[PDB]
Every structure is written in structure tokens, then in C-alpha cells.
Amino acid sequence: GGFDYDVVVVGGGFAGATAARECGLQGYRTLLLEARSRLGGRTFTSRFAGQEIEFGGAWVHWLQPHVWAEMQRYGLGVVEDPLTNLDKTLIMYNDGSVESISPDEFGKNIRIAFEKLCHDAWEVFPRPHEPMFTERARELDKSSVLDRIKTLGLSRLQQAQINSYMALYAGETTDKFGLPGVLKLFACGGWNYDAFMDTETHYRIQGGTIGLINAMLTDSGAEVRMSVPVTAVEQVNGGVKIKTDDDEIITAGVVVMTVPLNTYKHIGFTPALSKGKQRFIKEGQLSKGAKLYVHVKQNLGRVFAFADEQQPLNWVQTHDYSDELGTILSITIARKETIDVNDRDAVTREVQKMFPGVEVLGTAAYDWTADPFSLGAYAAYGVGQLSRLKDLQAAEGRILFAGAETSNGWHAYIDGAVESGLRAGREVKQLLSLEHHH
């Protein structure tokens, strides 16, 4: 009806890229606005110490249906990051003490702890993609992961392991981490430890995440604008007026918001969003971590380590290793407040506090929690949030909402973002059609 564009997609992560592809291919005049000067959002492929790395999400699996189907469409295969026959497996406790565990007794103890925590996933989530199907799922949304970890009677090692694991998934202390979200994720993977674990940091996309992002946006035909942050959305005249941070207005029939939930405080809405959505906007989601790579010139082979929630290096892994190269450690930090990643002294310190005979040569980090356009990492639900997710998914007039947080399945993954983007495309068609179906 005379607007600048039929649809504006705010955000150039996987959710926005997918929503723009769906829309563009319908023939809609489509615009995507990205605040950063790069695409990918919470995925970001860079380079460090001579090789391609990934500062955010990177690992996918065929059991993740939405992203997998997109890899078929665009013909992208997988690249395997094996870690068979590990050389060292460590557990660092809340006290800072570091125990080298035998690798095979390591995995078996985490399996016991994991399978005990997810003992009722089959029953609670018969339909992982309808999380609130069973009533017990809704009751369990009054408990936290720690509430249950305390009722499982695990050994000392097993408790530290699962809590590190769960603290990483939460990017927070396990007492704030909603319990159902974890069970549903396990269900998505087939209610089976071996299957779920096979999706963990195992397979990467040929050509990186940015390759799939580009393949979607190229396919879409949409206009794409970088370094254009959106500061306000106003519903008016049968459409929307979108305001950028340099005060220029763009009109559209509809808007698809795909920005991370934690970044919504930076955007004004007229009229106001529903109270349910507002509650979500002020609560946010939990994760407040960072990503960190380190370069050691002391070959360490295949390595893994947990650290409980009171140490910084909660999830450590070997990205590569050569007698020449030394080792490059891939590390995910659950809470950035436990360590300043952009300080080479504290990093070298804490790294050596786990691998004492190490010389720290080079480091590269990404502080997702300090970045104004993520203000966090992967989606992590608090207690009682999953039960209210409909409030976050609901359309508000001619404003639709997507993003991994708003997905039903793999909400902490690329796949969730893709899923939410397919939904946004469908909701856009309903709003701009000849026969409607809201």
C-alpha cells in the first residue's frame, strides 16, 4: 500500500537470513537491516593463529531438521571435528583444584550424570517440538536444573561434571537455569545420550556458517544494509515505520524482529508490546558468557576439560595441535564476569592454572556479553520461562518475532533460529495475501 518495502527483516543472523529468504522468494519487496558491519549475528567465522575459527555457533547435526534441510537445499556438506581417543580429560572444581581423570572413566561418569538428570525426558517431552504438551512439563517449569541435580545422589566427580555442563548450557549458575529446557533439548536428540552427544561440537558446515548465511541472502534477492541499527518501530497507516539510529524512517507493510531477546531494551515500540512480551524483554535470557581461543607452543594432543561454575574455563577443547603448531584451545566461558577475555595476563594465568606447563603465545576472544547487539550468548531459559514462550512468539499487529529464543525445538542452536525464520516467512504470507489464515 505505498510503503518503501513489503517486509523489513531486522537482524542478519540465521533467523533473519531465513526469514528474508522465505519472503524474498515469495516476490515481496524485502529489506534486511543489520546493526553490525558483518552478517551472522551470534555466529561469526574468523581466523586465529593461521586457521579458520568460529567465535559463536558452528556445530550442527542432521538430527537438527531445519538447518539440515537448508544444507541439502544449498548443497553444503559437513566437516568433522573428531576427538576419538582423548589424551587428557580434566575436571577443575569450584575451588580451583584440577584433577586429571582417566578419559574413559570421565565420559562414563558424565553419561551417568547426564542420563540421570534426563531420566524422564521420554515421558515429559513425547513431542519435543511442542514443549508444553504434557502437564508434567509445566510442573517441572517450577524447578531448576540444580533443584534436580541435588536429588540425584551423584558422586563428587559426577556432580562437578554435570554442573559444569549445565552451567555452560545456561551461561549462568545452575540455580537460575530452568530445568525443562534441558530435558526438551535431550528429547530433540532422540531421548538418547549417544545420539544427543553426537550433535555436540562434532560436525561443522562446509564453508562455515557465513557460507549458509550468504547462500540464503543471495538466494533471497533482498536488499541488505549493514551498520544500520534499528531504534524504534511504530505501527501506523496499515504498516510500520522503522527508525534507524541516524533518525531516518523506512516504511514497510510488516516487520520481522529477529534480534536477540537481551537487546530489545534498545528498541522503542509504538504501540507498546503486550505485557507478556514485555515481561520477557525485561527478564531477558540467562547466558552471559564469551568465546576464547588460546595458542600454546606445547603440543597437548586431544584434550577436554570441565570447570564448575566458579572457574572461568568451563568448557575447554583442542581446536588443533601440532608438535610445530603447539596447541590451540577452544574455550567457552559460561559467565564473562569470571574472567576478562580481553586481558592477556588474566587469561594466560587461568589457562596455566589448568595446564601448568604451558606457555601462552596468542589469544583471541569474543565477548558476546559486552557486544551491544547480542548482550549474551546462546538462548538459555530461566525458571518458568519456557511455560510462557507463547508470549514471546505472538505477533503484535504487523510486527512478527523470530530468533532462536522464540523457537520450539533446538532453541539454543542455529536450527532454532532457522525454524523461527521459517515461521516468520509463513506469518508474513498470511499478513500480505488474498486469502488469509491468522
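In this text, residue numbers run from 1 along the sequence as written.
Taking the mean C-alpha B-factor of each stretch as recorded, 367-375 and 43-51 are not equal, and the higher mean is that of 43-51. Taking the mean C-alpha B-factor of each stretch as recorded, 350-358 and 213-221 are not equal, and the higher mean is that of 350-358. Note on 306, 74, 269, 321: the highest value goes to 321, judged by CA B factor as recorded. The maximum CA B-factor among the listed residues 259, 78, 334, 300, taken from the PDB record, is found at 300. Residue 108: CA B factor lies in the highest third for its chain, per the PDB record. Looking at the C-alpha B-factors along this chain, the one for residue 229 belongs to the lowest third. Looking at the C-alpha B-factors along this chain, the one for residue 275 belongs to the middle third. The PDB entry assigns residue 241 a C-alpha temperature factor belonging to the middle third of its chain's modelled residues. Annotation for residue 90: CA B-factor lies in the highest third of the chain's modelled residues.
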